[PDB]
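Visitor: Sequence plus experimental coordinates follow:
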Amino acid sequence: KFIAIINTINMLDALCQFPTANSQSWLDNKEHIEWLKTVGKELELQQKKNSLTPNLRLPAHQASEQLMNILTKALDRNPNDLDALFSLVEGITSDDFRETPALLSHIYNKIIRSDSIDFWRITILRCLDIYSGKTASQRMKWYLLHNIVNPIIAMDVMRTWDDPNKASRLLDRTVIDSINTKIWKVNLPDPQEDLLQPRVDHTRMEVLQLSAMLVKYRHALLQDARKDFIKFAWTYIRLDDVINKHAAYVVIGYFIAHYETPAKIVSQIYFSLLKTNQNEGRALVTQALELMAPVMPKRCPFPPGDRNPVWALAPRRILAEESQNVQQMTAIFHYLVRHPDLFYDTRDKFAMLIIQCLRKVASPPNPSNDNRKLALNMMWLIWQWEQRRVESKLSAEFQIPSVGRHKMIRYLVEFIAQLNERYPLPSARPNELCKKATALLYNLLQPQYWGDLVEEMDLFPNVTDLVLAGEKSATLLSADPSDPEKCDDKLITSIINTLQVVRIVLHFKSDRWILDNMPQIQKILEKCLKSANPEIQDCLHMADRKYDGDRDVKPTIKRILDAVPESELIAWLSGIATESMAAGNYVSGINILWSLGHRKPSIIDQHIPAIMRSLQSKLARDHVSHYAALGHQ
Amino acid sequence: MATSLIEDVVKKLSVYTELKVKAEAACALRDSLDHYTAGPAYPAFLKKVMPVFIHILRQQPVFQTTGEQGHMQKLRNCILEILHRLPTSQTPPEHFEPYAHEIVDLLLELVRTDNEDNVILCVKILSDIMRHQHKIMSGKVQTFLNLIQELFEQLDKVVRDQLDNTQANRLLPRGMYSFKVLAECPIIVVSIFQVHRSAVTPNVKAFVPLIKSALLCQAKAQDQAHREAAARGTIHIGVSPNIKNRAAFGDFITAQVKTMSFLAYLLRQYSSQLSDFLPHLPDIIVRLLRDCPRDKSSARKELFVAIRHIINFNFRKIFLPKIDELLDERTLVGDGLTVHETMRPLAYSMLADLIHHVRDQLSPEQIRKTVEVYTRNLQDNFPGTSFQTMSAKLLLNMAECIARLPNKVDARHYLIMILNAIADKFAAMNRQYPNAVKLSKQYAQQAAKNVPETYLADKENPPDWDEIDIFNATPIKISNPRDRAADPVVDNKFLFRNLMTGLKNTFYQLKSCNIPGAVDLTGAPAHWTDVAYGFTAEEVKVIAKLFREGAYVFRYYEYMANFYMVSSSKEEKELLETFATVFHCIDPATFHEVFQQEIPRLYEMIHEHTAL
């Protein structure tokens, strides 16, 4: 019998392959459709088990698709006959057929895109009535019904996006009252007891999504159901499921933003949200906070001259209470960074905590990228606070204790030394975090800003020594750049970063400090000045506007030379240049001589011969040879 | 400073309004100790505060949670919080060490006699004390190990009382009959084992029977539910309605997962002591998977990570009989919404790894079930493409083993099913091209804007949508794409490249499964000797559809000689060569009767992508 069924299905599908023939009228008979559905259900059930003979698997597999396509084609005629559509949907969702794109591609282009305000309200009401209790429809059917309910509303919102306060004639009063009665007004005595059926969570999430969409896009139509909506949202918060609870929070936040509520509800919801610790639904909490917090001052005004808002102390309260949990700290920092203006006033109780937790947030040994981003973000937050204070003063305010500033500066120096990215350079062989961190470091040390701390600040001896004077680092720097084995990229990156750090810090130092500490500068820079690597030389000597992001930080060598009164440094540099040129390492000697000549021409006179010998022997010779070879090619 | 001193003297002379003031002062000191947690004056405060706390703690247990009872409960909460919240590190200037014996003994006695909402904090405090103050408190681990052994021994009787023999107005039971402390114990025990080493060799032998009995523990109601479900031939999942206290069942399952994690941790080196207990691991694991409440997704995630860690130890061979049982999607996932929306990739990836490692000894029915399940998974509409990539890679790897089945018909049918699934995926990818292009452009523009994101209507952002946005036009966002930072075009190209790589291997495997004597090869060119033969009338359709749909998915790479690299690049050209090479390994008759049909469609397709 299965072979006969397959042949009949194949012949029927072959028929109507050319709909432009008026030969599709045979599809209107209902007994034929019912019998087709019966035989299809039987054949599909047989397929589900490995019951068909081993020679008849693929033909039946294809006959199933043919049957589904024929059913969709039959439904296409007379779209308004929603009874057939509902029966087919119930069959699909009841594990009787196999879903095919034809059903959805028909729903779209026949119902969702129907060019009439009518035939949308009828469909919405029938779908709600099917949803509105009445049983006789499993949860999967309810979800697939919401699948068709929501797109109609979305399309209606789309088609009425214009200036003249376009009204939603589709969203008449009757439809809204029906939604209220069927979803909002209905108070479930014990919806928990109904949890003993599967897939209910999906229906609840779908109704929550519908409510959120309708609010966000038609807030001007809920003035007669504000109270019912609030009761609905508060009631659904009790759900034990995580995603449903967070969706309810999102909905209540939407309403709070788009309506007026007693401050008690806002405070309760906000406090409950802050205590949240589960890693699931983080984005939902982020959206809820982004919707709620900005309009908090309007919802919670404070007395003039009062700088202790309850909502301002609450984050501090939780920070103190749950300080043992790192995830809470990360969440509250993420929330805080996004809104610096609101907490500029209350920074008094936050700046010290931020400075203290800086170390905890990112582990110096090996942190994660998100931790690094969060640390840099809170650093930029405090920098923005300082800039705001300075701008307000220009257009006895709290200032951070010197100990906190020192700790922040040293941690920032260590972090930038340890950073992953490499500072861009003209000589790099063929970065945002490094640029931002260096820019922040430069901005902070300005004179009117914390720059007054430079005088008492040393040269970070521990960091600079451990990063530059290291024997492994020393030999790698003295190693051949050609050899990959001695080309440790991480050590080179750290050396470059610390070199930029010392350049920036010396740009602010005092000539007296440089003259006094000359031995230390010589000790630290002796290894690098001898390096035969172009990047190190460019870091030491070159200084361009393009690579500094509009920062006028003159090179280290130029600064130290200008510090010398119009000495020992000049003789040391001359000796280094002489030994480098003699050894055949032109890269260092040429740069050193360039800087020296830019300082005082008198010293290049005794060096002329070495430069001339190098030029006549190696550089120009090889350049001309290469270009002659290119001409030959 | 005066406020603290007056509060301290009031507390000292103590031995509603007065108790409320004392609660406020004590818990405010708890909150504000950050100004005084670290300092040279700590010894004075420590020695002055221990006696009062010890003296007050000697009173009888208080179970009511209202009025002055709640007041004193809060007093104790924010008083004992000081011990945990203090800087108890092992630094040289630690001052709690010389005065720890009496207080730790009193805390152990409190754990013995206190209640849940006190014993939990007491045991946590003891664990943190032992973590740092083990220098001179090393001699009292015997009492702690005896107490935890007593708790693990009485777990059975408390379970019996709570299941078999079974807010302000409530009465707080004793902590000895609470599953919360039992569930929290294993982490503390592991930490203690980490700290010391002098009491680990002999105590594990005593622990092993206790963990075995606990894991074997079961509820009669759920047991009979499972038995009746098996009798009916079906499988029962969820929570048995007979359970009057659902929270008790959830706590029992939480304790079970914690104990399973402890067993996985202990299996690292002490596996020799648990050798006899291996055969009961799979049945128990499936029982826990079936019995886990839907709401508690964290328990399911813990079970998945624990099972992965168990698998990594090369003990997969024992799971073979239950491989078929685990495949049923109901057993592995359940009805959880959060689970189904977040954790499916983890469970399916671990299952795929387990199947791949033990692929050698699979029976035909298991092969069929895995093929069906993962071909269904390949069609999932998950937002990303890592899940689909993993499914495709697993199917391609299993294709090699599918050719070894004793019966050639089954292997040929399964390979054909794999090819048909790949063709359907190609069609699905084809259907989404315009939406992917539009989303890529919109993402580029949005990233260019570089402004903070807000979830509200905006006249500058008209809400454009199309066929592919049928169920993705609602304000809620389960996971923001911004975190993913994903470009649809790149992901589609990645998946297409992976499938193209796998297709050649699949066809080569199919090339060595012909039924001998099916067709006659008396005279034929040597170029057509080892190619596959014997295609019915329903497989040529599959091959033609595969070619037609695959050739059209090259739009994602958007005169012809192109002597230099222009228009088409090296990647596209080599991919085209790889795709074309596949059809060099089929019967010449099939080649002719396929291309004589598909040539005009190709001629039409060339107009849109000239590189074809």
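Guide: Perfect, thanks for sending it. Numbers count the residues shown, from 1 in each chain, chains lettered A, B, ... in the order given.
Visitor: For chain B, what is the nearest residue in chain A?
Guide: Going by C-beta to the nearest C-beta, chain B is nearest to residue A:201 of chain A, at 3.8 Å. All C-beta spots, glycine's among them, are computed from the backbone N, C-alpha and C.
Visitor: okay, now that residue: neighbour count?
Guide: Residue neighbour count, defined by other C-beta atoms under 10 Å in any protein chain shown, stands at 23 for residue A:201.
Visitor: check which helix or strand covers it.
Guide: Using DSSP states H and E, residue A:201 sits in helix A:200-218.
Visitor: Now do that helix: distance to the chain's middle.
Guide: Using C-alpha atoms, centre = their mean, to the nearest Å, the mean C-alpha position of helix A:200-218 is found 25 Å from that of the whole chain.
Visitor: now swap in stretch A:599-607 and tell me
Guide: Per C-alpha atoms, centre = their mean, the centroid offset for stretch A:599-607 relative to its chain is 55 Å.
Visitor: Name the residues of that stretch that come out as buried.
Guide: When burial is assessed from 16 or more other C-beta atoms under 10 Å in any protein chain shown, stretch A:599-607 yields the following buried residues: A:599, A:603, A:607.
Visitor: Now intersect these with the helices, please.
Guide: Residues of the buried residues of stretch A:599-607 located in helices (DSSP state H): residue A:599.
Visitor: Skipping adjacent residues, who's closest to residue A:411 in space?
Guide: With C-beta to C-beta, 6 or more residues apart in numbering or on different chains as the measure, residue A:358 is the residue that lies nearest to residue A:411, at 5.6 Å, once sequence neighbours are left out.
Visitor: Residue of chain B nearest chain A, please.
Guide: Per C-beta to the nearest C-beta, residue B:337 is where chain B lies closest to chain A, at 3.8 Å.
Visitor: what sits against the residue nearest to that residue when sequence neighbours are not counted?
Guide: With C-beta to C-beta, 6+ apart as the measure, residue A:201 is the residue that lies nearest to residue B:337, at 3.8 Å, once sequence neighbours are left out. Counting by C-beta atoms under 8 Å, 6 or more residues apart in numbering or on different chains, residue A:201 makes contact with A:241, A:243, A:244, B:335, B:336, B:337.
Visitor: How about residue B:29?
Guide: B:4, B:7.
Visitor: Check which helix or strand it maps to.
Guide: Residue B:29 belongs to helix B:17-32 when elements are defined using DSSP H and E.
Visitor: what's the spacing between that helix and its chain's center?
Guide: The gap between where helix B:17-32 is centred and where its chain is centred comes out at 43 Å by C-alpha atoms, centre = their mean.
Visitor: So which bits of that helix are buried?
Guide: Buried-residue list, helix B:17-32, by 16+ other C-beta under 10 Å: B:19, B:22, B:23, B:25, B:26, B:27, B:29, B:30.
Visitor: Next, format these as TSV and append distance to residue A:53.
Guide: Below are the buried residues of helix B:17-32 laid out as TSV (distance: C-beta to C-beta, whole Å):
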residue	distance to residue A:53
B:19	84
B:22	85
B:23	80
B:25	85
B:26	81
B:27	78
B:29	83
B:30	77
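Visitor: Now the residue of chain B closest to chain A: phi and psi?
Guide: When read as degrees, to the nearest 10, the backbone of residue B:337 gives phi -70, psi -50.
Visitor: which residues touch it?
Guide: When the contact criterion is C-beta under 8 Å, 6+ apart, the partners of residue B:337 are A:201, A:202, A:205, A:241, A:243, A:244.
Visitor: Give me the buried subset of those.
Guide: Judged by neighbour count, with 16+ other C-beta under 10 Å as the criterion, the buried members of the contacts of residue B:337 are A:201, A:202, A:205, A:241, A:243, A:244.
Visitor: would a markdown table of the residues you listed with distance to residue A:47 be doable?
Guide: Below are the buried ones among the contacts of residue B:337 laid out as a markdown table (distance: C-beta to C-beta, whole Å):
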| residue | distance to residue A:47 |
| --- | --- |
| A:201 | 31 |
| A:202 | 27 |
| A:205 | 33 |
| A:241 | 35 |
| A:243 | 35 |
| A:244 | 37 |
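Visitor: which of the residues you listed lies closest to residue A:147?
Guide: Proximity to residue A:147 was ranked across these by C-beta to C-beta; first place goes to residue A:202, at 10.4 Å.
Visitor: Neighbours of residue B:162, how many?
Guide: Other residues near residue B:162 number 18, with proximity taken as other C-beta under 10 Å.
Visitor: Scan chain A for its longest helix.
Guide: Ranked by number of residues, the top helix in chain A under DSSP H is helix A:369-394.
Visitor: So which elements touch that one?
Guide: Helices and strands in packing contact with helix A:369-394 are listed as helix A:326-337, helix A:340-343, helix A:351-361, helix A:402-418, helix A:432-444; criterion 3 or more C-beta pairs under 8 Å, 6 or more residues apart in numbering or on different chains; DSSP states H and E.
Visitor: next one: phi and psi at the residue of chain B most remote from its centre?
Guide: Here chain B reaches farthest from its C-alpha mean at residue B:523, the gap being 58.5 Å by C-alpha atoms, centre = their mean. Its backbone dihedrals place residue B:523 at phi -130, psi 120, with angles given as degrees, to the nearest 10.
Visitor: Quick check: chain neighbours aside, which residue is closest to the most centrally placed residue in chain B?
Guide: Closest residue to the average C-alpha location of chain B: residue B:301 at 3.6 Å, with C-alpha atoms, centre = their mean. Spatial nearest neighbour of residue B:301, excluding adjacent residues (C-beta to C-beta, 6+ apart): residue B:343 at 6.0 Å.
Visitor: Now do residue A:125 against residue A:90, distance only.
Guide: In this view, residue A:125 and residue A:90 are 18 Å apart by C-beta to C-beta, to the nearest Å.
Visitor: for residue A:51, same thing?
Guide: Here residue A:51 is placed at a distance of 25 Å from residue A:90 (C-beta to C-beta).
Visitor: more neighbours, the two?
Guide: Set side by side, residue A:51 and residue A:90 show more neighbours around residue A:90, with 18 against 9, by other C-beta under 10 Å.
Visitor: what about the more buried one, helix or strand, and which?
Guide: Taking DSSP H and E as the definition, residue A:90 sits inside helix A:82-93.
Visitor: how about that helix: buried residues?
Guide: Of the residues in helix A:82-93, A:82, A:84, A:85, A:86, A:88, A:89, A:90, A:91, A:92, A:93 count as buried by neighbour count, 16+ other C-beta under 10 Å.
Visitor: do you know how far the first one is from residue A:211?
Guide: Right, the one you point to is residue A:82. Separation of residue A:82 from residue A:211 (C-beta to C-beta): 24 Å.
Visitor: what about residue A:618, neighbour count?
Guide: 12.
Visitor: helix, strand or coil for it?
Guide: Using DSSP: H, G, I helix; E, B strand; the rest coil as the criterion, the local structure at residue A:618 reads helix.
Visitor: residues contacting it?
Guide: Under the criterion of C-beta under 8 Å, 6+ apart, the contact partners of residue A:618 comprise residue A:586.
Visitor: Give me the distance between residue A:454 and residue A:446.
Guide: Summarising the geometry, the distance separating residue A:454 from residue A:446, computed by C-beta to C-beta, is 10 Å.
Visitor: neighbour-wise, which of the two wins?
Guide: residue A:454 (17 against 12).
Visitor: who in the stretch 401-550 of chain B is up against chain A?
Guide: B:409-410, B:413, B:416, B:431, B:452-457, B:462-465, B:467, B:469-471, B:473-480, B:483, B:536, B:538-539, B:541 (C-beta under 8 Å from any C-beta of the partner chain).
Visitor: which of the residues you listed count as buried?
Guide: So, by 16+ other C-beta under 10 Å, the buried ones in these are B:410, B:413, B:416, B:455, B:465, B:470, B:473, B:474, B:475, B:476, B:478, B:539.
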